[PDB]
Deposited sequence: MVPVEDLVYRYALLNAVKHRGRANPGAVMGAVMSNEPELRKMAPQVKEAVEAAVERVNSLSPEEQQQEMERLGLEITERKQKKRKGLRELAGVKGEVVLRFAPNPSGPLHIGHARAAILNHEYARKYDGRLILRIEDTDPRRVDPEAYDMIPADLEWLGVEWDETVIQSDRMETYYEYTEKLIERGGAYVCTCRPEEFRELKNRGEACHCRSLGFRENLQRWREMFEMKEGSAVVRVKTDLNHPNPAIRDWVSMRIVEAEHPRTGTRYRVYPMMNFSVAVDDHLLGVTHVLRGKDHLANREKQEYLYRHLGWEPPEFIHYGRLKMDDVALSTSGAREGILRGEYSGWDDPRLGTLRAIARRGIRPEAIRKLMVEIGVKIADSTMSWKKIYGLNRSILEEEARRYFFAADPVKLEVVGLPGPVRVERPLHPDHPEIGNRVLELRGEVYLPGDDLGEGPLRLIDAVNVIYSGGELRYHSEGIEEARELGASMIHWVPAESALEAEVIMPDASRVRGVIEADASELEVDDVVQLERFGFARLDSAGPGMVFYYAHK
């Protein structure tokens, strides 16, 4: 990672998600980068849960988020929850008003906007401290949307959105943590600035900066270093789980860390991806294939190998001279775990998809010809297979085959049979289903269920 600017004394960073649900890949990037810089600079990392929008809080997320961070391997030093800090935001609203940096605006929003867009001040902007403080206190008994606190910025700012932006609003809704205790809530740019300052954040790594600068200015605070990186290319998902067509936060159709973990994607793969992309200023474009590539490099060195025949067809090897005992390593680089032994006696299951007529070599076993729907023995050796132009195919002895299924990344179910040794696997094991893909065992027999990672 590139060096941080203006480092003086201890470095303090934060990761600040909203509790709208568990973490997704986008979150992982901010979490990893901030964690990596805290490690690099021997500094601290603050987890700040930004739950100041009562209608957008998922109660389960408070526990899910730190669990997801642990999964990623992120360590941190303090956990702060914004809904525990309401009186702090109120305190600093009063201070900001006393310093002449904010006012309570009771204008109709559209009438205010018309003035604002022409660089003209509303009457509220001219009120004094005690006048504003009285209006502020009144907000606590007013209706949703009836008054706001606005930060005094520049009414002639080139960017209209930065012109006297809103720091506090009234919302009449039950918060899942604090219930109906509060109706006056901070807007993100206010609570973020106040918390970054009070918690001692030195470097912010993730319009907004420009807005917050006015707050720091008015309060007499030095802002943190701001470092912004390019885009890489939750509420909709939560709705889906509630309605249907998502089984949960770990449904493979979702980009949550939970869903990808369930498929056997390693957190190390995610960390490596985010680190190598770094704090690149320019927009980057990662594909899932990029993540799969990193994961494959990890799994291919250790994942145990088995034959799973999807949509199997049961076929007699007609003319087999006699039984053939086949040995094949569980992993060619790890002799310690030994070899599978497959007993070819008469019938086999072959994967049925795109199974056309012609010569085949059942891996490590025998060469056959499939035609007219019949599988006929040809020979046994590798040279004969080359002479035939036989295509390699995985296979399962019929006598000892086990039922299995694999849930694919679109949540579709692929049914088939797997070789007997697969019964040794336990939930969480991640294996290579040869010539099919890597997959994590999600539930054990009878009837093993795997979740597909990638080819």
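- For this chain, the deposited residues without C-alpha positions form the stretches 1-86, 293-297, 325-331, given in sequence order.
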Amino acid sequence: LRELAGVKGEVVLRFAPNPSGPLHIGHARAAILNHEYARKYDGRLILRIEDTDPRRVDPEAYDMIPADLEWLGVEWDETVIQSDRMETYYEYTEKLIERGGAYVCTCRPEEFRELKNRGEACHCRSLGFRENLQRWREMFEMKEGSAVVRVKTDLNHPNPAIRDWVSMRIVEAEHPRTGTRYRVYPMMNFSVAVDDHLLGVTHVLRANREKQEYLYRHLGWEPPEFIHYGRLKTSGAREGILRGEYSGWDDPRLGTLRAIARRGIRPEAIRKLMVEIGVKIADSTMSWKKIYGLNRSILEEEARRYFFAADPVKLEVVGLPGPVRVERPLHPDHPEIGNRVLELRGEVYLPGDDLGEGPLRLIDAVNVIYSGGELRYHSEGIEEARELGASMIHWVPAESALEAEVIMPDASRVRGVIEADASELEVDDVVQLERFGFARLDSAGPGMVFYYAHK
From here on, numbers count along this sequence of modelled residues.
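- Taking the PDB entry as given, 396-404 carries the higher mean Cα B factor of the two stretches 43-51 and 396-404.
- Stretch comparison (420-428 versus 382-390) by mean CA B-factor in the PDB entry places 382-390 on top.
- Residue-level inspection of the entry shows that, of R137, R113, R361, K95, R113 has the top Cα B-factor.
- Which of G264, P329, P224, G255 has the largest Cα B-factor in the deposited entry comes down to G255.
- Residue-level temperature factors show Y370 in the lowest third of its chain, judged at the C-alpha atom.
- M448 sits in the middle third of its chain by CA B factor, as recorded in the PDB entry.
- Among the modelled residues of its chain, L355 has a C-alpha B-factor that falls in the highest third according to the deposited record.
- Split the chain's modelled residues into thirds by C-alpha temperature factor. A38 is in the middle one.
- Compared with the other modelled residues of the chain, the Cα B-factor recorded for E144 ranks in the middle third.
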